[PDB]
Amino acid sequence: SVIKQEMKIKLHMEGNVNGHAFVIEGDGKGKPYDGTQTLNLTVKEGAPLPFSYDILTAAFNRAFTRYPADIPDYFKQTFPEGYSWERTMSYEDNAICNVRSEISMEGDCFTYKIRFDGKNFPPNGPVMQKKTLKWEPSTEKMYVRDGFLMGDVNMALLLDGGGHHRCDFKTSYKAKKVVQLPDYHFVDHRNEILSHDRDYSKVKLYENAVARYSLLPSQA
């Protein structure tokens, strides 16, 4: 127990999407070993945000993932020292976001330092017209590369007028300390905005994440 049953979170995000600068801070709590967490996010500059808040939410810590015992837990092993991750979000209309987060801990509180850059979103697309409703749930594919951990996930925004808008995430997760490396595996996610105000200047955000091998057995 360096990672406790219950851990708090603090976070600072600096961002810019299609020219628009903003700053968001968050406070929250979760249960690393259950893989659940809840954050309260507050826009401190750049309100009201002229884009879909959904592009931001996965930026706001795989320490909150239920890991089974037969899969080494890359993320919980790197604490107290921590880790950082970097991600590219590639949208099917050629927008991209590049994100970096640096994760630390002190006592029972994680702290994140986040940079968020989005660009080339079409001005009449679903992101810039706030036409998204949520992220679908997902299955991220986890795999070791050059001594560290990668995660790739096919994501999808549910639009009103129930089509989808696809986005591919690739993330490199880098432990500060060397750790027992896991075999290829999956992390199932469901990310959800539970409540927001009109502007999305205040958001309550929840994630459930559960790591696993395939449900399907191997044939002899």
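When you see a residue number, it is the position in the sequence shown, counting from 1.
Unmodelled deposited residues between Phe60 and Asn61: 1 to 3, per the record. When the mean C-alpha temperature factors of 46-54 and 185-193 are read from the deposited coordinates, 46-54 comes out higher. Taking only CA atoms, the mean B-factor in the PDB entry is higher for 37-45 than for the other of 167-175 and 37-45. The PDB entry gives the largest Cα B-factor of the residues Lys76, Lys119, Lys134, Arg115 to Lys119. Considering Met89, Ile71, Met150, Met105 together, the PDB entry gives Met105 the largest C-alpha B factor. Among all modelled residues in this chain, the alpha-carbon of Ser84 has a temperature factor (C-alpha) in the lowest third.
Compared with the other modelled residues of the chain, the Cα B-factor recorded for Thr139 ranks in the lowest third. Placement of the Cα temperature factor of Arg212 within the chain: lowest third of the modelled residues, per the deposited record.
The PDB entry assigns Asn94 a C-alpha temperature factor belonging to the highest third of its chain's modelled residues. When the CA B factors of the chain's modelled residues are split into thirds, the value for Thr111 lands in the lowest one.
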